[PDB]
6 protein chains.
Amino acid sequence: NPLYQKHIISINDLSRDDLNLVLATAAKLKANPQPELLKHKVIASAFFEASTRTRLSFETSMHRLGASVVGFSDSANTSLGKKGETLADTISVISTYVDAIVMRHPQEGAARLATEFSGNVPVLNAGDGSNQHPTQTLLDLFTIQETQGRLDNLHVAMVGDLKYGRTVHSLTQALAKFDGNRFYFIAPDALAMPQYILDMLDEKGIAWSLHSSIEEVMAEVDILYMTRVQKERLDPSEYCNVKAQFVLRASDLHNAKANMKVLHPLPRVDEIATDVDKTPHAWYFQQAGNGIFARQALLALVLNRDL
Amino acid sequence: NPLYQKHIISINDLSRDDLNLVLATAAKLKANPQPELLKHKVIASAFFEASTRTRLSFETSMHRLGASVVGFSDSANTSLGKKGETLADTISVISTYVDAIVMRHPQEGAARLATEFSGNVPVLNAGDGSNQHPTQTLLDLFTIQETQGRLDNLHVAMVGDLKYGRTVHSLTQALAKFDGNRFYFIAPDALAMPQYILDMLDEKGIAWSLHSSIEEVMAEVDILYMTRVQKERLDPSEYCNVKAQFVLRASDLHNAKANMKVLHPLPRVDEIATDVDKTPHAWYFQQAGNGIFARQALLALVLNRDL
Amino acid sequence: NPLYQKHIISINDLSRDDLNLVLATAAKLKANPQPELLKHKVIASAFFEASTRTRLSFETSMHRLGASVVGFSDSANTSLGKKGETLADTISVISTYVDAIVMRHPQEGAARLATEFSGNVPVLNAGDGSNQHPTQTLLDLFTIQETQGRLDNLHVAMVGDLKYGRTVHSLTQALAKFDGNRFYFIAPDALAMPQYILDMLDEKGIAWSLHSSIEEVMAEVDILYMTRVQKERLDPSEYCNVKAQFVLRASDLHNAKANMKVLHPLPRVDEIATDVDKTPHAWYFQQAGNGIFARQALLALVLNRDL
Amino acid sequence: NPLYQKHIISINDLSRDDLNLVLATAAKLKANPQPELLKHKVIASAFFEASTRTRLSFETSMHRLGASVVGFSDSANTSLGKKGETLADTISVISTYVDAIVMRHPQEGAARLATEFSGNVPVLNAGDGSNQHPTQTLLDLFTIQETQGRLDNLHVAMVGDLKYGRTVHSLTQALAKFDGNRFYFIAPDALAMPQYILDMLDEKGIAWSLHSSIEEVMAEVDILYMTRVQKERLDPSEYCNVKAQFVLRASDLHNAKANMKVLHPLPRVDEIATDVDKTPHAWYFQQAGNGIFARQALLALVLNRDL
Amino acid sequence: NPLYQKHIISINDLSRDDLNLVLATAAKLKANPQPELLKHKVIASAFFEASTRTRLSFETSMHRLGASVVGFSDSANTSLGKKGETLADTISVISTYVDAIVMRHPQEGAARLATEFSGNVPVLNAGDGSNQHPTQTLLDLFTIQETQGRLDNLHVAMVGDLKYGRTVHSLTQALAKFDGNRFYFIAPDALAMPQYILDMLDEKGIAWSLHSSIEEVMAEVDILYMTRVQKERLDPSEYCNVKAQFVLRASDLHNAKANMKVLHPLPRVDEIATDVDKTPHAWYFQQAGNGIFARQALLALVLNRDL
Amino acid sequence: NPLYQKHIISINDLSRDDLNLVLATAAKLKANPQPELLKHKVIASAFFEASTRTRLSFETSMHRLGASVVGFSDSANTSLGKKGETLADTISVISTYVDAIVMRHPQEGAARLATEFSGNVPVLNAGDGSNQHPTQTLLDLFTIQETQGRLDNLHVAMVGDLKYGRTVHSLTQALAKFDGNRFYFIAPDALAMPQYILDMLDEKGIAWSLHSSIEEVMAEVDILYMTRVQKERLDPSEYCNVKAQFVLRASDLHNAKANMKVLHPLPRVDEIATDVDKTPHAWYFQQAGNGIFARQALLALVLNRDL
């Protein structure tokens, strides 16, 4: 168990074998629950910015494995919020209480920074600004493997705010660990996929391309990964991109392949019309449900050495 | 068990037998706790408006039966609060996590709407604007039965904001399912009992009347059900009714019958003077305590098929 | 077990034997956990002002002993916050639900007041304005005993905001129960140790003195107890004292004794430079960690009669 | 010239001869302007609450007579607004600068209070909370005399917020100084004409009556004086009366007498439909225009001894 | 005198002869002031949105001609601001007081609307949202004629926010009334010159072109008219254009013609570096100073029939 | 006339002869008004922070001499307030309109800075943060000369906030220009008279001393100059000094000399009890009234060359 007590900060820190281990464990737990695997563990749920899916799915997963939970959903009633306490001190103190810390924070690098102050307590990154979202990627991969039967040789389009989308940074890096995947990036110029991601793809000799509409790749993709504009992260010089520039409607799916799935880490705003919800391609709610198995798997592996 | 996996949205959806089943189960649990009845259940506590009694009594009840709890007490740190997510999407995602959803929301019909998006997950309405409050009614009935020995042939006065009082809408409908109850409604004209409630009573041939003071019915009632003006729900054209128009003081109880109990779903503001708290008639804190047994009963029946 | 079902409001209400019992129990639990001691207990975590350490350490302690937790971290989404409910009514209702109430409130005397409305439910004071903080004192004593091997015949300096520091009021009273302790108080004139504390020391014939710098006592102390200026409690006529008047830096420790420990109930603001964190004297994070054992001990003793 | 250097605070302080003198002077100025009557006077325009008509008509009148103006339209940038200065000190200082003070203030009695601090400088009350509005009354009388040819033996209805309407308090008192006027008061019960006004009418043996609609007096009135609900002055227990309870529409004028005029001190909100503006009865804009002649007259008489 | 009592709302309503009359009058007044031309006039200065140049230059001009001024610089202390009065009623009442109304309002068409309610009182448009600014254009033309000796056969570049720039809408229309002018428009795509302006130029057979930098027209222009991004008028989908896209620096003027002048209606933000202020081309402060003569001229012509 | 077109920024820039010229002119105008001295002048009243006395007395003085006034009492509705315009640009533009600028601004050095952008237009400093208030000093000197018959060989106490009191900085410098004055400074340590003032007194060999109560100098002073704590200028580390530390009551005047006058530039807050107002020593309202003659004098001298 390479994941035992491992900090889970960036997909960059995980190997393909690490990913495969989590996915296999998640599949096993989906089939055979272990209500007491983490009995007598107490885990911190430390959310410094808003969340519905990530926090509630993480906490549910903790309880499904028998662990207890303490924490907060915003910093306003913490001593950090009201008394001037630093994040470093906050983590140091919490790490004397709990067996693991799940943390979401608006600043890039906050989770990595937390590991410097958490002593021997594993930190799991539930999102650090626009940087990384490794556990979203674990459930995304689980979902892709479940619907496509594999994680290699896929055609994957990512649409929307790729600049600020921590979801796509992690997912692109993860898929780049498998053979022969092909990427299509569709974003406003201002919210393009960051150069550092593209450079990584080039170093690996991975094929990718840019496009100005969903329509021009619709016939070719196995996975259409839609994203929300990260409104709360935008620089003022980017506010013209607040409205979704690419909106998916049911009619846009006319030439989609039979195996194609529309994914979306959620929440969605204007980028997916609700009429998509009724097509066989809509898979974002199934995807969200898979967060339970992916996160149970990760918690079990990080907190229980014996496989 | 007719309640197994049933959505609990409106008293209108429940039969008298349903009510009797919950009450009998609540009495049984009051006498013989079952700390593990709901072991391995995880329940969502989804509160979109303020609550003390309803949320904490519901969560306590969950723990008393061995269930775990995830959720929120306000929408501000959810993706609905900060990222523009719809309520429908919120429920859809939460329903992939938990075994039941307890939900309170400021908009009439929100709980019913949630059932359209919760898939196979039971929704329990902890209050939907000024509409329904079925679990308050369950504990009210439990309390009335406990102090009066029956739910039929009672004289019941309801006082205060009957227009916006979801408590009295549900309770009136429930009591209308039993034989021979007599209702006295005492409210400002602007906050009168809604016509749809009155029409229902007329269809059943149930006796009711309107009055302009507590004093004129005090000698006749078995139950005096006081309510708070629903200040946060009032239309501007109703702000003159913010102050309690009927205030109960200990001296007003001089001609009360020996069996008479003052109920109040709470919280109270100005409508009950604290000197009432010392009289044998004051029963609102006992009533609140009965929320534990009523809500345990409901949870047990909804989530465990075998009686 | 003298602590069984005892309200824990003020150090004034506890005897030296009471304190010794908690400390011995805490040491025992540190060595031999009891994951099921409080199984089937449900405890209220009722926080009406901000907290990181106190609330999370208390809740963790509850879970470590197998108890469940319900409550809130601020009053904003309670009926007290939104519907005008009194604190008295709030406590009365919560006390019908839970087996104990842990409460922090911004008003001096609030915890004592709560005991008047909690019926047969024990109230544990997690801080009542600038008055008392008994559980901070329990962990402080545990920490002092752990590093000094005793609680008598010590030289203890307290620095910073002693007027509003509920931490030092409780700790001074506790240490005054043991033989031969010597106190050094270092505070701005405006935030001096309250006269009522000093009078108590005089009645017991306890030696104490005032000083205008850390340096003048550094060579003599076993414990340097630093505090944060209670900014949110200051009268406007005291705002000049918001900035720490005594700042501890690593260089100030040049003549500290080898056994000397720097304590701080935390959070800290400007009063301890982070370079202190690396010296052998820094013990505030260890101190915070001891909150788990002290609070487990207190919960176990209050809620389980059999030792 | 009885008005020379007279404080103009309440209609109560003026005699019928005083009123007649202002009106005759206003008529004369309407016919023959005196651009230099007040040359070398400087007058303070001191407005502590909002105004369009009163302030701009007063200042225009000052300039039409050759006077200069200094002052403010709100207290926010005065030392009273930002530095904690009392109203008394404010008036004392301003009275060392100017030849007269025109003052509007939200508190009843403020203008009277100002006269205690203004030394030998005349104060003219442009409205003091819900109390008096003497200069509105002067222009109202001018307008009534202009359209009816007299101020005696009229039938005058006043409609709307009579409780808080400083306009109607002053106007009723003024009209009560002439022979044989008959009053009809039409107001919500909560905003009825104050008892002190009614008592005055009774002492003089003046006929008045209350009515619950405009329609029931429409055929009989010479003057229909409409008013705005004084929203910014209402007690919370009066907020149900924010919406106009009596709305005048053109169709309501079907049985109005040929000489009947609709007056309104303005601003109007919902109480007069704009279709009234086109009928021969609409006279509120003419009325507002007469503020120039009435206020010129008052200024000329107060500030220039020689008639 | 074609301008006598004329509403001055849009440049569209003025002829080339009208413009020439104002300019000739302005030149004459610049050379020979008439301190008493408008003695005994009172003019309203009615500003419903912010202004430095327009309001103060207009009021100064009024005083230079001997007129008096009443009004407001924001609507907050008017009855429109605090009592719910409509703009229409506001204008109707003010028009009974004054001899002319100068009005600036945030809504396009507000000045035109005012003329419907001002009776026989001339309205002068000091800016109506993003629509028209006729008096800015009068001073611009005066300034162009002063520096170029003519208003025909010029090369004029307009730069910045041409969509929301009421300044350039009026100025383009005015210059289109003279022979042979050539326009260069340099704007972000989102803030391009409105189609209705361009269509007008096409109808007249006027040469114009679009460009993406100042540099590409610098060598050819007689007038470089810079503008501020109208931040307070931008739609959210335009917020990316808040920062000036074209910034003029002294070094950019290296190939400017000797007669070239940089104009800017002001205020400027980031679009003109202060090092331009020292070059012979900088003429925006001279331009602002010419507002006095242009506005005196307009006031004199509108309010005094005899030339 | 050395003052003709002179910028009036700091008392430091004026000679004793300059001061004597203003005072003699003020006395002459007090005795013989000149209603047309400044006819055809237009002056800017540019107030960027709150004022009652300074702005209204300045504007009154302008009108008393026949000048007109344009300006603003706060920056909120200027283009500086709403459109991002710099102060420099604001002054540059205003200086093309008016014959002089009276300016008050919250930032030290703002008036001096304005002179760099005002071209040939004189700037008169009505207060620049905590720095200078030259026109307050002119009226103070006028008042001292009026009550003491001289400006030399006086005993003058200054009390309150001397650090932030622009009033006392200017007044101390002015009095230091005359022979043999003796100063007593009474202030909280935190708000002591600035060192740069004290150094100036030392360079001139002027006697001064510090005291901790009004009482210890009461018997010796000719002038008791009280001041308000400059609350809006205080650093947070000074907020303990918000309440007046020295409060003057009528009883404190028991041993005052018969010629002693209490001055206060006003507004006052808590530092002078209103019972002082009735004693012969109270002279602050007379002092404020003298602002008219001092400011008329200054305006006349600055704007009219011929004496």
# chains A, B, ... in the order shown; residues from 1 in each chain; ligands from 1
>>> select_by_dssp(residues="region 117-260 of chain B", states="alpha helix (DSSP H)", output="PyMOL selection string")
chain B and resi 134-148+166-175+195-203
>>> residues_around(residues="residue 79 (chain C)", least_positions_apart="2", cutoff="10 Å", atoms="only C-alpha atoms", output="list in words")
residues 49, 50, 51, 52, 53, 266, 267 and 268 of chain B; 75, 76, 77, 81, 82, 83, 84, 85, 86, 87 and 90 of chain C
>>> write_last_selection(atoms="C-alpha atoms", output="PDB file, in the first residue's frame")
ATOM      1  CA  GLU B  49     -33.108  28.587   6.756  1.00  0.00           C
ATOM      2  CA  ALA B  50     -32.575  29.053  10.500  1.00  0.00           C
ATOM      3  CA  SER B  51     -33.416  26.392  13.087  1.00  0.00           C
ATOM      4  CA  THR B  52     -32.672  25.409  16.675  1.00  0.00           C
ATOM      5  CA  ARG B  53     -35.262  22.773  17.697  1.00  0.00           C
ATOM      6  CA  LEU B 266     -41.271  27.605  19.648  1.00  0.00           C
ATOM      7  CA  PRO B 267     -39.346  29.777  19.456  1.00  0.00           C
ATOM      8  CA  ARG B 268     -41.567  32.248  21.297  1.00  0.00           C
TER       9      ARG B 268
ATOM     10  CA  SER C  75     -25.576  31.643  16.569  1.00  0.00           C
ATOM     11  CA  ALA C  76     -26.396  33.143  13.155  1.00  0.00           C
ATOM     12  CA  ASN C  77     -28.408  30.167  11.852  1.00  0.00           C
ATOM     13  CA  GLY C  81     -29.842  34.393  15.743  1.00  0.00           C
ATOM     14  CA  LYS C  82     -32.760  34.855  13.359  1.00  0.00           C
ATOM     15  CA  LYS C  83     -36.069  34.608  15.223  1.00  0.00           C
ATOM     16  CA  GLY C  84     -35.442  36.501  18.457  1.00  0.00           C
ATOM     17  CA  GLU C  85     -35.200  33.494  20.797  1.00  0.00           C
ATOM     18  CA  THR C  86     -33.638  34.072  24.209  1.00  0.00           C
ATOM     19  CA  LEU C  87     -30.549  32.212  25.363  1.00  0.00           C
ATOM     20  CA  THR C  90     -32.328  27.963  23.710  1.00  0.00           C
TER      21      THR C  90
END
>>> residues_around(residues="region 232-243 of chain C", least_positions_apart="6", cutoff="7 Å", atoms="only C-alpha atoms", output="PyMOL selection string")
(chain C and resi 190) or (chain F and resi 236-240)
>>> select_by_dssp(residues="region 7-251 of chain A", states="strand (DSSP E)", output="PyMOL selection string")
chain A and resi 42-47+68-72+100-105+123-128+155-159+182-186+208-210+223-226
>>> interface_residues(of="chain D", to="chain F", cutoff="12 Å", atoms="only C-alpha atoms", output="number ranges by chain")
D: 39-46, 66-99, 117-119
>>> write_last_selection(atoms="C-alpha atoms", output="PDB file, in the first residue's frame")
ATOM      1  CA  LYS D  39     -29.704  92.951  -1.852  1.00  0.00           C
ATOM      2  CA  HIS D  40     -26.802  92.509   0.604  1.00  0.00           C
ATOM      3  CA  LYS D  41     -28.632  89.896   2.668  1.00  0.00           C
ATOM      4  CA  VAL D  42     -27.072  86.467   3.133  1.00  0.00           C
ATOM      5  CA  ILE D  43     -29.411  83.677   4.171  1.00  0.00           C
ATOM      6  CA  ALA D  44     -28.687  80.181   5.424  1.00  0.00           C
ATOM      7  CA  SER D  45     -30.390  77.243   3.740  1.00  0.00           C
ATOM      8  CA  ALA D  46     -29.959  74.581   6.431  1.00  0.00           C
ATOM      9  CA  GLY D  66     -31.313  89.721  -4.649  1.00  0.00           C
ATOM     10  CA  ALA D  67     -30.172  87.867  -1.512  1.00  0.00           C
ATOM     11  CA  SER D  68     -27.270  85.406  -1.394  1.00  0.00           C
ATOM     12  CA  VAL D  69     -27.425  81.858  -0.039  1.00  0.00           C
ATOM     13  CA  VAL D  70     -25.135  79.567   1.933  1.00  0.00           C
ATOM     14  CA  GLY D  71     -25.922  76.193   3.445  1.00  0.00           C
ATOM     15  CA  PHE D  72     -26.273  72.460   2.972  1.00  0.00           C
ATOM     16  CA  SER D  73     -28.838  69.912   1.786  1.00  0.00           C
ATOM     17  CA  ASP D  74     -27.797  67.218   4.211  1.00  0.00           C
ATOM     18  CA  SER D  75     -25.907  67.076   7.477  1.00  0.00           C
ATOM     19  CA  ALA D  76     -23.432  64.415   6.307  1.00  0.00           C
ATOM     20  CA  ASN D  77     -20.616  66.828   5.384  1.00  0.00           C
ATOM     21  CA  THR D  78     -21.192  69.191   8.313  1.00  0.00           C
ATOM     22  CA  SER D  79     -19.287  68.987  11.581  1.00  0.00           C
ATOM     23  CA  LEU D  80     -22.589  67.856  13.088  1.00  0.00           C
ATOM     24  CA  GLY D  81     -22.495  64.924  10.666  1.00  0.00           C
ATOM     25  CA  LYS D  82     -18.844  63.948  11.019  1.00  0.00           C
ATOM     26  CA  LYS D  83     -17.347  65.466  14.172  1.00  0.00           C
ATOM     27  CA  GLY D  84     -20.082  65.051  16.776  1.00  0.00           C
ATOM     28  CA  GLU D  85     -21.226  68.689  16.932  1.00  0.00           C
ATOM     29  CA  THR D  86     -24.598  69.381  18.533  1.00  0.00           C
ATOM     30  CA  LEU D  87     -27.426  71.058  16.655  1.00  0.00           C
ATOM     31  CA  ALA D  88     -27.384  73.866  19.233  1.00  0.00           C
ATOM     32  CA  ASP D  89     -23.725  74.677  18.569  1.00  0.00           C
ATOM     33  CA  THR D  90     -24.385  74.422  14.815  1.00  0.00           C
ATOM     34  CA  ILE D  91     -27.153  77.019  14.961  1.00  0.00           C
ATOM     35  CA  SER D  92     -25.185  79.281  17.309  1.00  0.00           C
ATOM     36  CA  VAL D  93     -22.282  79.463  14.879  1.00  0.00           C
ATOM     37  CA  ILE D  94     -24.391  79.851  11.737  1.00  0.00           C
ATOM     38  CA  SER D  95     -26.327  82.662  13.399  1.00  0.00           C
ATOM     39  CA  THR D  96     -23.107  84.706  13.635  1.00  0.00           C
ATOM     40  CA  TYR D  97     -22.863  84.549   9.826  1.00  0.00           C
ATOM     41  CA  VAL D  98     -26.276  85.102   8.267  1.00  0.00           C
ATOM     42  CA  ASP D  99     -29.319  87.381   8.329  1.00  0.00           C
ATOM     43  CA  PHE D 117     -29.628  79.447  19.958  1.00  0.00           C
ATOM     44  CA  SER D 118     -29.953  81.840  17.017  1.00  0.00           C
ATOM     45  CA  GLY D 119     -29.551  85.060  19.013  1.00  0.00           C
TER      46      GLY D 119
END
>>> atom_distance(atom1="CA of residue 103 (chain C)", atom2="CA of residue 9 (chain C)")
9.9 Å
>>> residues_around(residues="region 15-17 of chain F", least_positions_apart="4", cutoff="12 Å", atoms="only C-alpha atoms", output="list in words")
residues 1, 2, 3, 8, 10, 11, 21, 22, 23, 24, 138, 141, 151, 152, 173, 174, 175, 176, 177, 178 and 179 of chain F
>>> residues_around(residues="residue 275 (chain A)", least_positions_apart="6", cutoff="10 Å", atoms="only C-alpha atoms", output="list in words")
residues 248, 249, 250, 251 and 282 of chain A
>>> write_last_selection(atoms="C-alpha atoms", output="CSV table (one decimal), in the first residue's frame")
chain,number,residue,atom,x,y,z
A,248,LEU,CA,-24.1,22.4,-24.5
A,249,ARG,CA,-27.7,21.7,-25.5
A,250,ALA,CA,-29.3,18.3,-26.2
A,251,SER,CA,-29.5,19.2,-29.9
A,282,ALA,CA,-25.5,12.9,-19.4
>>> atom_distance(atom1="CA of residue 126 (chain E)", atom2="CA of residue 32 (chain E)")
25.4 Å
